[PDB]
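Worksheet: one structure, shown below.
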Amino acid sequence: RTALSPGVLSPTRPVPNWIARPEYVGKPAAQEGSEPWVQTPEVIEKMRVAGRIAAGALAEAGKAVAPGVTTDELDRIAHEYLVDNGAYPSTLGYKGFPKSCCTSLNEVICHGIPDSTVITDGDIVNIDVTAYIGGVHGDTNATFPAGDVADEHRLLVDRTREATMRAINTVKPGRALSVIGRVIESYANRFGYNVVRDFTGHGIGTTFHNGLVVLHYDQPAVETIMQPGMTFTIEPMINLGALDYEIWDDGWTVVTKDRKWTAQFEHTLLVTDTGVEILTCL
Ligand SMILES: CO[C@@H](C(=O)NC1Cc2ccccc2C1)[C@H](O)[C@@H](O)[C@H](O)/C=C/C(C)(C)C
Ligand SMILES: [Mn+2]
Ligand SMILES: [Mn+2]
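Positions in the sequence shown are counted from 1; adding 3 to them yields the entry's author numbering.
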């Protein structure tokens, strides 16, 4: 189709009052960035719940991706899943973000705002859902095809899923955190793709972005070694075209400047005593 432009947002969706809000709702910023990177066993138990719920909501929204649906509808479906399972949608009110997930079509790198945009045949759409429950967060995203997607776009989506999975498989106690982005970027560059730098994965736990940064490109200056009980996301955004990007007037939606398409996948991971566990499985 043509380059995307913003549509119209629906009103704020209410959350039942008994579901606890993260502290950052309504505030300019969150109290995050200095929390421990290794979680207690009690928080890891709570994060398995949050991760399962976020994974259910992402799958339920994903089922609705089809030509003719709006991105606003994918948000209604994710929102209703979260609140029916007693979770707060962590994006809603983080730095004023106005919706309960991010929906990023085609050339949107990330942080697309669900709205009246209608998906058509051949689009790809990333849906990114985070659940807050039990005082902890779980964060996952995936790119879904709508209709008959062109080969070059189907391959970019399947290879971005593959790069994410190959990076997950490196996680274990003692591994250098920098191996994640060496594996992702070495694999993506086999095909001529370019791995986004300015947006990264992150530690997550009782806070959304806890100060730990997970890079998806090769950066051996990072000295961090993975520890049992560390929790973080791997969420590479991979571009067909160049890395240059622009931000829309809403101050959220990030688009490639050349309008070439881009895909992303994300899980929340636990470093176990021997390897890795995906917490955002249902
Ligand atoms: C691509 O997006 C990731 C992202 O911006 N990382 C940054 C890594 C990092 C490191 C330190 C501090 C903040 C951050 C955010 C983000 O974590 C998404 O996965 C999340 O679902 C969306 C969150 C909103 C839209 C509410 C922001
Ligand atoms: Mn996410
Ligand atoms: Mn994330």
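Using N, Cα and C, we set each Cβ at its ideal position, and we do this for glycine too.
Query, Result
"Beta-carbon proximity check, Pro239 vs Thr163, cutoff 8 Å", "yes"
"Test item: CB-CB of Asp75 and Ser119 under 8 Å", "yes"
"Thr265, buried or exposed, once every other Cβ within 10 Å from all chains shown has been counted against 16", "buried"
"Whole-number beta carbon distance between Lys102 and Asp78, since they are thought to touch under 8 Å", "5 Å"
"3-residue-minimum beta strand (DSSP E) runs that sit fully inside the region 75 to 124, ordered along the chain", "105 to 108 and 111 to 113"
"Delimiting residues of the beta strand (DSSP E) encompassing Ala62", "Counting along the chain, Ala62 falls outside any beta strand (DSSP E), though it belongs to the alpha helix (DSSP H) covering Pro44 to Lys66."
"Simplified DSSP state of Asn192, which is helix, strand or coil", "helix"
"Beta-carbon gap between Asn144 and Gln267 smaller than 8 Å", "yes"
"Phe202 CB to nearest heavy atom of ligand 1 below 7 Å", "yes"
"Exposure of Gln230, with buried meaning 16 or more beta-carbon neighbours within 10 Å", "exposed"
"Alpha-carbon to alpha-carbon, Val68 and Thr5", "19 Å"
"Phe147 - partner residues in DSSP beta bridges", "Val128"
"Validate contact between the region 245 to 257 and the region 54 to 65 using beta carbons, cut 8 Å, 3 pairs", "no"
"Sequence-distant residues of the same chain with beta carbon closer than 6 Å to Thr210, five excluded per side", "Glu35 and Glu38"
"Contacts around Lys175, its chain only, beta-carbon distance under 6 Å, and the 5 residues preceding and following it disregarded", "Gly278"
"Start-end ranges of the beta strand (DSSP E) lying completely within the region 158 to 202, minimum 3 residues", "none"
"Enclosing beta strand (DSSP E) for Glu249 [first to last residue]", "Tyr248 to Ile250"
"Helix, strand or coil at residue 286 according to DSSP, with G and I counted as helix", "This structure does not reach residue 286, given that the chain is present from 4 up to 285, and the question cannot be answered."
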